[PDB]
């Protein structure tokens, strides 16, 4: 009946290091290896490294052989992961994992106990409100009575941002895409909607953007454009 608790999410500058703690609650400490698994945004699971506490049996992933460091503090029964020289490839969620089931040490096991995960964001950005640009409807976004339009919510940090249409009255046909961390370290997303093309001259379309961390709120009206 073991449970793993991990330290909270962090934003880290490129070139710096990140340390993530993991404490097993309700179990032993020097029997089973703690295997770390991370997950880059949208990418597959990736084993980082594993270490049997105190016993010293450990192995780092080949890609992290020179940047990774696994240790623990025995009096606090807490293991630690340190990853140095962070780049954008190291952004993701980091999971602390373990197998459950006199005394010995076992390293080669699947992981049925998973920590909640620690989100790591590698970015040099500070808290910043977004700029809201129109995705203007045109002939290049109309097709047989259906017009597509939207709003580009670009260059904010951190997540999240909320987007609604016409103060919530417009919900059908709305697609607000997941945010993406740009090469600058600032997030960006688009929210789109499809409407009857005949409504462009009669109906107003406003995207309501709210970035709570920066206290930034923008109501942007999307107007047609000759394209």
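Positions refer to the first chain, counted from 1.
Where coordinates are absent for parts of the deposited sequence, a chain break appears; between neighbours residue 101 and residue 102 it spans 4 to 9 residues. Looking at 73-81 and 128-136 together, the entry lists the larger mean B-factor for 73-81, computed on C-alpha atoms. Averaged over Cα atoms, the B-factor as recorded in the entry is higher for 24-32 than for the other of 158-166 and 24-32. Out of 194, 171, 39, 184, the entry records its largest CA B-factor for 171. Annotation for 45, 179, 68, 54: 54 ranks highest, by Cα B-factor. Annotation for residue 146: C-alpha temperature factor in the highest third relative to the rest of the modelled chain, per the entry. Residue 118: CA B factor lies in the lowest third for its chain, per the PDB record. Residue 17: CA B factor lies in the middle third for its chain, per the PDB record. In the deposited entry, the Cα temperature factor of residue 105 sits in the top third of values across the chain's modelled residues.
When all modelled residues of the chain are sorted by CA temperature factor, residue 212 is found within the highest third.
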